[PDB]
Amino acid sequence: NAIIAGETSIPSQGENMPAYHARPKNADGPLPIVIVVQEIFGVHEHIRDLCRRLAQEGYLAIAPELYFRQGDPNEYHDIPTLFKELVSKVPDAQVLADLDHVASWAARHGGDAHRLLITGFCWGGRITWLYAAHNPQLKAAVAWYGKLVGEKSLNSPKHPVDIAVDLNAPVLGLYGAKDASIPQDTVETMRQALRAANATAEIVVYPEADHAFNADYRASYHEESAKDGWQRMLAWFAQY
């Protein structure tokens, strides 16, 4: 299925946020939109590949450079410094407002405002849960191995466990059993929160997978889980 891809700016809270976008070539009309939320590495080649893979399925997929005001993840060469000096300085409130601006831009650039979807990975998987409790227009969300519970900070004052109560859209989580950064007890805490909220949501846990099991360029890749998760994501989105 032929696609077309590009880099654009998205007008956002008064500033121009870089973004990559991909979509099917000869589209009939307005497209379902998938906002794609980066890991801490920014809109890496891998994230651009994912947007193109989504476009091959018929989606207008858009990955915004969410860290642009605070800094460039390519200026860091160790994860701890990247976390401390950049990631931990990007406020959740800013991120959710930027995602709203991506949705706004998408509706005037080939997307259908009534068919908004989101998926995100790692750092982006946590943001995915948050966004599902933020935008009442959102139709569905797929969060891949996003942190569920945490200590709070002023930049990041709520975690997915806290907002389960405010979820607006069905959320599918794709999680790895071997992920030491997201222990299974925390998945249980989140399941308790979702049940108490009577939210439409489920978390699928892959027995053999670690964190970042869809990152096909990294050693954490687990092919069987990544391919199953990708099909579960498409199934979750299929009706919208």
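Numbers for residues come from their place in the sequence shown, where the first is 1.
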{"item": "Higher-B stretch (mean Cα B-factor, as the entry records it), 63-71 or 23-31", "value": "23-31"}
{"item": "125-133 set against 159-167, stretch whose average Cα temperature factor tops the other in the entry", "value": "159-167"}
{"item": "Top residue by Cα temperature factor, when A199, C51, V43, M190 are compared in the entry", "value": "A199"}
{"item": "Chain-relative CA temperature factor third for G111", "value": "lowest"}
{"item": "CA B-factor placement of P18, once the chain's modelled residues are sorted into thirds", "value": "middle"}
{"item": "Position of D98 among the chain's modelled residues by C-alpha B-factor, lowest, middle or highest third", "value": "lowest"}
{"item": "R232 CA temperature factor, ranked by third within the chain", "value": "lowest"}
{"item": "Modelled-residue ranking by C-alpha temperature factor, third containing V149", "value": "highest"}
